[PDB]
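start-v3.cif follows; it contains mmCIF, C-alpha atoms and all ligand atoms.
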data_run
#
loop_
_atom_site.label_atom_id
_atom_site.label_comp_id
_atom_site.auth_asym_id
_atom_site.auth_seq_id
_atom_site.Cartn_x
_atom_site.Cartn_y
_atom_site.Cartn_z
CA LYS A 2 191.53 82.90 97.25
CA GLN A 3 190.33 81.17 100.44
CA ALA A 4 189.43 77.48 100.38
CA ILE A 5 187.64 74.99 102.59
CA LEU A 6 188.81 71.37 102.39
CA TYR A 7 186.27 69.17 104.15
CA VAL A 8 187.60 65.78 105.22
CA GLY A 9 185.26 62.95 106.11
CA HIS A 10 186.49 59.65 107.44
CA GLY A 11 185.11 57.71 104.48
CA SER A 12 183.24 54.42 104.28
CA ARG A 13 183.19 51.32 102.12
CA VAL A 14 179.43 50.87 102.67
CA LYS A 15 177.65 52.69 99.83
CA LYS A 16 174.91 54.19 102.04
CA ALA A 17 177.40 55.82 104.42
CA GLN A 18 179.37 57.27 101.50
CA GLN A 19 176.20 58.85 100.15
CA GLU A 20 175.11 60.23 103.55
CA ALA A 21 178.51 61.83 104.27
CA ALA A 22 178.83 63.30 100.76
CA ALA A 23 175.30 64.71 100.85
CA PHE A 24 175.92 66.26 104.28
CA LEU A 25 179.10 68.05 103.14
CA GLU A 26 177.42 69.30 99.95
CA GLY A 27 174.61 70.73 101.99
CA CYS A 28 177.29 72.33 104.15
CA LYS A 29 178.72 74.23 101.21
CA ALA A 30 175.73 76.59 100.82
CA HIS A 31 176.20 77.88 104.40
CA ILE A 32 179.80 79.06 103.94
CA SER A 33 180.66 82.30 102.12
CA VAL A 34 183.95 81.00 100.75
CA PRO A 35 184.45 80.81 96.97
CA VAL A 36 186.54 77.60 96.88
CA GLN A 37 185.15 74.55 98.67
CA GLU A 38 186.09 70.89 98.16
CA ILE A 39 185.14 67.68 99.92
CA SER A 40 187.54 64.79 100.52
CA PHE A 41 187.85 61.63 102.62
CA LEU A 42 190.69 60.05 104.57
CA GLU A 43 190.12 56.49 103.40
CA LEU A 44 187.97 54.08 101.38
CA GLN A 45 186.10 56.84 99.57
CA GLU A 46 187.04 59.50 97.03
CA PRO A 47 187.69 62.34 96.27
CA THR A 48 190.86 61.69 98.29
CA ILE A 49 192.46 64.35 100.44
CA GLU A 50 195.11 64.73 97.73
CA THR A 51 192.45 65.16 95.02
CA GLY A 52 190.43 67.72 96.96
CA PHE A 53 193.50 69.72 98.00
CA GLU A 54 194.75 69.80 94.39
CA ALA A 55 191.26 70.83 93.24
CA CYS A 56 191.45 73.71 95.70
CA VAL A 57 194.79 74.77 94.24
CA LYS A 58 193.64 74.82 90.60
CA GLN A 59 190.71 77.06 91.47
CA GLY A 60 193.26 79.53 92.78
CA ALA A 61 193.10 79.00 96.52
CA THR A 62 195.96 80.70 98.34
CA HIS A 63 194.68 79.64 101.77
CA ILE A 64 193.04 76.29 102.57
CA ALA A 65 191.09 75.68 105.78
CA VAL A 66 191.02 71.91 106.36
CA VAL A 67 188.06 70.97 108.56
CA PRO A 68 187.60 67.31 109.63
CA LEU A 69 184.09 65.84 109.84
CA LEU A 70 184.68 63.93 113.07
CA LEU A 71 182.67 63.64 116.24
CA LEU A 72 185.71 63.03 118.45
CA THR A 73 189.48 63.61 118.59
CA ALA A 74 191.69 60.53 118.20
CA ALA A 75 194.32 59.02 115.92
CA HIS A 76 192.36 60.00 112.82
CA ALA A 77 192.20 63.65 113.93
CA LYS A 78 195.74 63.75 115.41
CA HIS A 79 197.78 61.70 112.93
CA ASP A 80 196.14 60.17 109.85
CA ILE A 81 194.54 63.36 108.54
CA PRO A 82 197.56 65.59 109.38
CA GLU A 83 199.88 63.03 107.76
CA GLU A 84 197.85 63.08 104.55
CA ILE A 85 197.74 66.88 104.76
CA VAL A 86 201.52 67.13 105.05
CA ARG A 87 202.01 64.62 102.22
CA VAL A 88 199.87 66.55 99.77
CA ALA A 89 200.76 70.04 101.06
CA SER A 90 204.52 69.44 100.77
CA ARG A 91 204.02 69.95 97.04
CA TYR A 92 202.45 73.42 97.51
CA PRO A 93 204.48 75.46 100.03
CA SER A 94 202.86 78.73 98.95
CA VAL A 95 199.41 77.55 100.09
CA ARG A 96 198.62 78.53 103.68
CA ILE A 97 196.83 75.90 105.78
CA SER A 98 194.61 75.97 108.84
CA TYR A 99 193.30 72.78 110.45
CA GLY A 100 190.17 72.63 112.55
CA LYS A 101 189.08 70.48 115.40
CA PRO A 102 186.49 67.67 115.42
CA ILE A 103 183.10 68.66 116.79
CA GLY A 104 183.95 67.24 120.20
CA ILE A 105 182.27 68.70 123.29
CA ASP A 106 179.61 71.07 121.91
CA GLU A 107 176.17 72.01 123.24
CA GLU A 108 174.69 71.43 119.78
CA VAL A 109 175.64 67.75 119.85
CA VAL A 110 173.97 67.51 123.26
CA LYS A 111 170.86 68.93 121.57
CA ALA A 112 171.19 66.28 118.84
CA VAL A 113 171.20 63.56 121.51
CA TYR A 114 168.12 65.22 123.02
CA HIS A 115 166.21 65.17 119.77
CA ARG A 116 167.11 61.52 119.17
CA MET A 117 165.79 60.71 122.66
CA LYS A 118 162.51 62.57 122.18
CA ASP A 119 162.01 60.96 118.76
CA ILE A 120 161.34 57.67 120.57
CA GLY A 121 158.12 59.14 121.97
CA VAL A 122 158.63 57.83 125.53
CA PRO A 123 158.62 59.93 128.75
CA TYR A 124 162.14 61.15 129.48
CA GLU A 125 161.95 62.61 133.01
CA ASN A 126 164.41 60.90 135.40
CA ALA A 127 165.19 58.28 132.78
CA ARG A 128 168.49 56.51 132.24
CA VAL A 129 170.55 57.18 129.09
CA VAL A 130 173.22 54.86 127.70
CA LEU A 131 175.57 56.81 125.43
CA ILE A 132 177.48 54.42 123.21
CA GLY A 133 180.56 55.71 121.46
CA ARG A 134 182.79 53.66 119.22
CA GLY A 135 185.70 53.94 121.66
CA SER A 136 189.47 54.22 121.25
CA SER A 137 192.68 53.54 123.14
CA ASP A 138 193.27 57.30 122.93
CA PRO A 139 192.03 58.70 126.28
CA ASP A 140 190.81 61.90 124.62
CA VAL A 141 187.93 59.90 123.12
CA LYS A 142 186.64 58.63 126.46
CA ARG A 143 187.22 62.08 127.96
CA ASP A 144 185.19 63.85 125.25
CA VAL A 145 182.29 61.41 125.33
CA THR A 146 182.23 61.76 129.13
CA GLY A 147 182.20 65.55 128.74
CA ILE A 148 179.29 65.28 126.30
CA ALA A 149 177.54 62.98 128.77
CA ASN A 150 178.05 65.50 131.57
CA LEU A 151 176.59 68.36 129.53
CA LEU A 152 173.54 66.29 128.58
CA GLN A 153 173.14 65.06 132.15
CA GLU A 154 173.07 68.60 133.47
CA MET A 155 170.87 70.08 130.73
CA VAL A 156 168.03 67.49 130.61
CA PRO A 157 166.36 65.95 133.73
CA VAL A 158 167.56 62.45 132.93
CA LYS A 159 168.71 60.02 135.59
CA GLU A 160 172.30 59.96 134.36
CA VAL A 161 174.10 59.35 131.09
CA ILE A 162 176.50 56.39 131.07
CA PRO A 163 179.15 56.50 128.36
CA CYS A 164 180.34 53.14 127.17
CA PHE A 165 182.12 51.85 124.13
CA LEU A 166 182.16 49.26 121.38
CA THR A 167 185.88 48.47 121.59
CA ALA A 168 189.33 49.44 122.86
CA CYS A 169 188.25 51.17 126.09
CA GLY A 170 185.86 50.56 128.95
CA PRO A 171 183.33 50.23 130.08
CA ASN A 172 182.32 47.99 127.22
CA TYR A 173 178.67 48.41 126.34
CA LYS A 174 178.26 44.67 126.81
CA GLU A 175 179.30 45.03 130.47
CA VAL A 176 176.64 47.70 131.04
CA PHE A 177 174.09 45.55 129.18
CA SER A 178 174.92 42.52 131.35
CA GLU A 179 174.34 44.80 134.32
CA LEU A 180 170.99 45.80 132.71
CA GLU A 181 169.35 42.33 132.57
CA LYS A 182 167.40 43.33 135.74
CA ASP A 183 164.14 45.21 134.75
CA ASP A 184 163.70 47.95 137.34
CA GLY A 185 160.99 50.24 135.80
CA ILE A 186 163.52 52.81 134.76
CA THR A 187 163.24 53.55 131.13
CA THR A 188 166.46 53.13 129.23
CA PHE A 189 167.29 55.11 126.16
CA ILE A 190 170.19 53.82 124.07
CA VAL A 191 171.80 56.52 121.95
CA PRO A 192 174.60 55.45 119.56
CA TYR A 193 177.03 58.36 119.39
CA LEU A 194 177.91 57.62 115.80
CA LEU A 195 177.79 59.51 112.51
CA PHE A 196 177.04 56.53 110.25
CA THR A 197 175.27 53.21 110.22
CA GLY A 198 177.04 49.95 109.35
CA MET A 199 177.99 46.76 111.13
CA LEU A 200 178.67 48.27 114.55
CA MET A 201 175.32 50.04 114.50
CA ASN A 202 173.76 46.76 113.36
CA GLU A 203 175.41 44.75 116.20
CA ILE A 204 174.20 47.28 118.77
CA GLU A 205 170.74 46.88 117.21
CA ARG A 206 170.93 43.14 117.85
CA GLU A 207 172.19 43.84 121.37
CA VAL A 208 169.31 46.22 122.07
CA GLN A 209 166.85 43.48 121.14
CA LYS A 210 168.93 41.08 123.27
CA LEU A 211 168.82 43.51 126.21
CA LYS A 212 165.08 44.13 125.67
CA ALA A 213 164.54 40.40 126.13
CA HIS A 214 165.56 40.87 129.79
CA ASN A 215 164.35 44.41 130.52
CA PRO A 216 161.51 45.63 128.28
CA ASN A 217 161.98 49.26 129.35
CA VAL A 218 164.93 49.77 126.98
CA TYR A 219 164.51 51.65 123.69
CA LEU A 220 167.18 52.20 121.05
CA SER A 221 167.14 55.53 119.31
CA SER A 222 168.66 56.04 115.93
CA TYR A 223 172.27 57.06 115.96
CA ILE A 224 172.80 60.80 116.09
CA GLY A 225 174.03 60.94 112.55
CA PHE A 226 173.93 64.15 110.62
CA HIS A 227 171.25 65.70 112.79
CA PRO A 228 170.62 69.43 112.19
CA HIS A 229 172.26 70.23 115.54
CA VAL A 230 175.28 68.12 114.54
CA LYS A 231 175.35 70.19 111.35
CA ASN A 232 175.24 73.43 113.38
CA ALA A 233 178.21 72.28 115.46
CA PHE A 234 180.16 71.22 112.39
CA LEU A 235 179.54 74.55 110.67
CA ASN A 236 180.87 76.26 113.79
CA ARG A 237 184.00 74.16 113.36
CA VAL A 238 184.24 75.14 109.68
CA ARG A 239 183.73 78.86 110.33
CA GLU A 240 186.21 79.01 113.18
CA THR A 241 188.83 77.18 111.07
CA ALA A 242 188.23 79.59 108.17
CA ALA A 243 188.30 82.70 110.38
CA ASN A 244 191.59 81.73 112.06
CA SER A 245 191.45 85.14 113.66
CA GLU A 246 194.58 84.67 115.82
CA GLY A 247 196.32 81.97 113.79
CA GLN A 248 195.50 79.34 116.43
CA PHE A 249 194.59 76.81 113.71
CA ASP A 250 197.72 77.34 111.63
CA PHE A 251 198.85 73.85 110.66
CA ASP A 252 202.34 73.02 111.89
CA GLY A 253 203.06 69.76 110.06
CA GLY A 254 202.05 67.37 112.84
CA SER A 255 202.18 63.79 111.57
CO CO M 301 188.90 54.77 110.77
CO CO M 302 171.45 73.24 105.17
CO CO M 303 201.52 57.72 110.03
CO CO M 304 166.54 71.82 118.88
#
Could you express the structure from this file as structure tokens?
Amino acid sequence: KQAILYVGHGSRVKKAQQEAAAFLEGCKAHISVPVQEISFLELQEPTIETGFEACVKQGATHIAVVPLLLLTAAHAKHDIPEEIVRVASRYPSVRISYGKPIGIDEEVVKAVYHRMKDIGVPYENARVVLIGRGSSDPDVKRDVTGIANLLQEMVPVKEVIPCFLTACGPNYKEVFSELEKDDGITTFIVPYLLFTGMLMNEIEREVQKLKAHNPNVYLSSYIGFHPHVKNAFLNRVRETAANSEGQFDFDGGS
């Protein structure tokens, strides 16, 4: 009767496809919902159309669409809802709820914490550089800053400086240029990203480049599908499925 339609962003790099698919499959066993399908916005199938239609043939009357996204931007606001409306127009009897990206959640702050500790370097009063992809949509910068504020307050770090790969400032290269110094403060670099690929690889080169000036800089792995990221995402899934007040009812918002 009830369905979950998971939507990942999709990748063309084989490794990212496998990581995202494996994560969503391991999500299925935590949700007591009889119909559950995975799908991806782009570059990777099953498509949103395919997964939605799969939900319908297994008899779903209600579909809770939950996006696997760290942050809220054009993908969350437009692309996914547009695909949802396109496929859902063909099934007006199917009720739809639409969840939020993980966004500002204490669990993701815990994921950043475990990535920092994994480096094995003392963390007290240390600087953290939180690199998000970035977007021209201000909600992205706002949410990464909110995540930075929660981490800053919860762990006795010096500060957490959000910066971005593209589209909005400060660019991580500006911070890096300001980090050529070497002041004895240990620098953790945490990529606030779900997948590896070229941008993760360029940051890797940049962390070596930065380390050439200031040896007290250490790049952690990107957060990825950390268990605490998984906890936060399952919260998103459960709240979309519960829909206890109808607040996630999907008004066709392309
Ligand atoms: Co995209
Ligand atoms: Co599990
Ligand atoms: Co459009
Ligand atoms: Co923990």
- [ ] For CA of residue 237 (chain A) and CA of residue 194 (chain A), determine how far apart the two atoms are, in Å to one decimal place.
- [x]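 Separating CA of residue 237 (chain A) from CA of residue 194 (chain A) is a distance of 17.8 Å.
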Open item on the list: When you count all atoms listed in the file, which of these residues is closest to ligand CO 304 (chain M): A:15, A:63, A:111, A:134?
Closed with: A:111
- [ ] Quick one: pull the distance between CA of residue 142 (chain A) and CA of residue 173 (chain A), Å, one decimal.
- [x]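 The value is 13.0 Å.
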Any idea what's packed within 10 Å of region 225-236 of chain A, counting only C-alpha atoms, ignoring anything in its chain fewer than 4 positions away? Could you give it as an mmCIF file with C-alpha atoms, in the frame of the given file?
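What ended up in part_2.cif:
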data_model
loop_
_atom_site.group_PDB
_atom_site.id
_atom_site.type_symbol
_atom_site.label_atom_id
_atom_site.label_comp_id
_atom_site.auth_asym_id
_atom_site.auth_seq_id
_atom_site.Cartn_x
_atom_site.Cartn_y
_atom_site.Cartn_z
ATOM 1 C CA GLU A 20 175.110 60.230 103.550
ATOM 2 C CA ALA A 21 178.510 61.830 104.270
ATOM 3 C CA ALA A 23 175.300 64.710 100.850
ATOM 4 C CA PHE A 24 175.920 66.260 104.280
ATOM 5 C CA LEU A 25 179.100 68.050 103.140
ATOM 6 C CA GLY A 27 174.610 70.730 101.990
ATOM 7 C CA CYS A 28 177.290 72.330 104.150
ATOM 8 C CA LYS A 29 178.720 74.230 101.210
ATOM 9 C CA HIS A 31 176.200 77.880 104.400
ATOM 10 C CA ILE A 32 179.800 79.060 103.940
ATOM 11 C CA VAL A 67 188.060 70.970 108.560
ATOM 12 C CA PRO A 68 187.600 67.310 109.630
ATOM 13 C CA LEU A 69 184.090 65.840 109.840
ATOM 14 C CA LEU A 70 184.680 63.930 113.070
ATOM 15 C CA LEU A 71 182.670 63.640 116.240
ATOM 16 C CA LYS A 101 189.080 70.480 115.400
ATOM 17 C CA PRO A 102 186.490 67.670 115.420
ATOM 18 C CA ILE A 103 183.100 68.660 116.790
ATOM 19 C CA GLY A 104 183.950 67.240 120.200
ATOM 20 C CA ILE A 105 182.270 68.700 123.290
ATOM 21 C CA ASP A 106 179.610 71.070 121.910
ATOM 22 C CA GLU A 107 176.170 72.010 123.240
ATOM 23 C CA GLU A 108 174.690 71.430 119.780
ATOM 24 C CA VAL A 109 175.640 67.750 119.850
ATOM 25 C CA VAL A 110 173.970 67.510 123.260
ATOM 26 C CA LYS A 111 170.860 68.930 121.570
ATOM 27 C CA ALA A 112 171.190 66.280 118.840
ATOM 28 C CA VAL A 113 171.200 63.560 121.510
ATOM 29 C CA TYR A 114 168.120 65.220 123.020
ATOM 30 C CA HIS A 115 166.210 65.170 119.770
ATOM 31 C CA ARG A 116 167.110 61.520 119.170
ATOM 32 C CA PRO A 192 174.600 55.450 119.560
ATOM 33 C CA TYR A 193 177.030 58.360 119.390
ATOM 34 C CA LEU A 194 177.910 57.620 115.800
ATOM 35 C CA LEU A 195 177.790 59.510 112.510
ATOM 36 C CA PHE A 196 177.040 56.530 110.250
ATOM 37 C CA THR A 197 175.270 53.210 110.220
ATOM 38 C CA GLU A 240 186.210 79.010 113.180
ATOM 39 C CA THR A 241 188.830 77.180 111.070
ATOM 40 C CA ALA A 242 188.230 79.590 108.170
#
TODO: Would you list the contacts of residue 174 (chain A) as a PyMOL selection string, taking every protein, DNA or RNA residue within 12 Å and counting all atoms listed in the file, but skipping same-chain residues closer than 5 positions in sequence?
DONE: chain A and resi 130+132+163-167+169+179-181+203-204+206-208+210-211
TODO: Show me which residues sit within 7 Å of ligand CO 303 (chain M) when counting only C-alpha atoms and all ligand atoms, and put them as number ranges by chain.
DONE: A: 79-80, 83, 255
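Proximity to residue 205 (chain A) was assessed for A:117, A:161, A:72, A:223 counting all atoms listed in the file; the smallest distance is recorded for A:223.
Distances to residue 73 (chain A) were evaluated for A:131, A:52, A:145, A:95 using all atoms listed in the file, and the minimum falls at A:145.
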